[PDB]
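Coordinates in review
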Amino acid sequence: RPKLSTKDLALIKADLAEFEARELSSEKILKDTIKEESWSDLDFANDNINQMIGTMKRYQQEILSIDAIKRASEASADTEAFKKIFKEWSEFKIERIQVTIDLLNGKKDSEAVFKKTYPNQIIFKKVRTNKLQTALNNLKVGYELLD
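Per the secondary structure count, the protein chain includes six helices and zero strands. For the protein chain, the α and β elements follow one another from N to C terminus as α-α-α-α-α-α. By principal-axis analysis of the C-alpha atoms, the protein chain measures approximately 55 × 30 × 20 Å. Going through the 147 residues of the protein chain one by one, you find that 39% of them count as buried.

Dropping the structure here:
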């Protein structure tokens with residue numbers, strides 16, 4: 001009978017926090033690079049952003065690969081629904097950083113894909129994050145999303 005153990009809840013909560021912190025660092029590097037600060041040329045941006053994408057992807061996969069996350073469809077309603085929404089939330093947040101660094105390298109393929117895949121980016125952001133909060137809440141993980 002697959003259930004989210006206490007350890008699993010702890011790992012989720014720890015991982016979310018680290019994942020949002022990486023989101024926050026990408027943001028600073030991205031702003032400094034758009035603004036063209038002297039320390040922040042495009043090699044600097046690419047080296048650091050690439051690191052943060054991979055770190056972000058690890059947290060995402062650590063979470064996605066908790067046994068009751070993998071077998072979410074045979075677990076409580078609240079658990080399944082957490083899986084689905086954190087997958088869409090985490091994906092968008094990562095791809096959005098990928099696109100922005102792409103753009104700063106004058107690549108446009110991923111923005112085109114991005115707009116096609118997220119037709120309504122603001123409603124999509126507001127919405128996936130609102131339902132992530134509520135799914136967390138329901139799973140009794142006292143984590144307040146930075147947004």
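One number sums up the size of the largest pocket: a volume of about 220 Å³. As for the largest pocket, its lining consists of 13 residues, of which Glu 23, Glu 27, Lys 93, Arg 96 and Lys 125 are closest to the centre. Those elements that place two or more of their residues in the lining of the largest pocket are α1 (6-34) and α4 (77-104). The element best represented in the lining of the largest pocket is α1, accounting for six residues.

Taken as a whole, this structure holds nine salt bridges when the rule is applied. Among the ionic pairs, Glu 18 bridges to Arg 22, the shortest N-O distance being 3.2 Å. Within this pair, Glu 18 and its partner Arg 22 are both found in helix α1, separated by four residues, close to a single helical turn. The shortest N-O distance in the salt bridge between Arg 71 and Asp 67 comes to 3.5 Å. The partly exposed category is assigned to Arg 71, whose relative accessible area is 34%. If you follow the salt bridges from partner to partner, you end up with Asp 67, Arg 71 and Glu 74 in one network.

Parameters and conventions
- Residues numbered from 1 in each chain as written, not as in the entry; some residues may be left out.
- Heavy atoms only, no water.
- Helix = DSSP H or I, 4+ residues; strand = E, 2+ residues; numbered from the N terminus.
- Buried < 20%, exposed > 50% of the residue type's maximum accessible area, 1.4 Å probe, protein only.
- 1 Å grid on protein atoms, 1.4 Å probe; cavity = no way out; pocket = protein on both sides within 12 Å on 5 of 7 lines; lining within 4 Å.
- Points joined across faces, edges and corners; volume = space filled by probe spheres on them.
- Salt bridge = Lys/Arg side-chain N within 4 Å of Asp/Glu carboxyl O.

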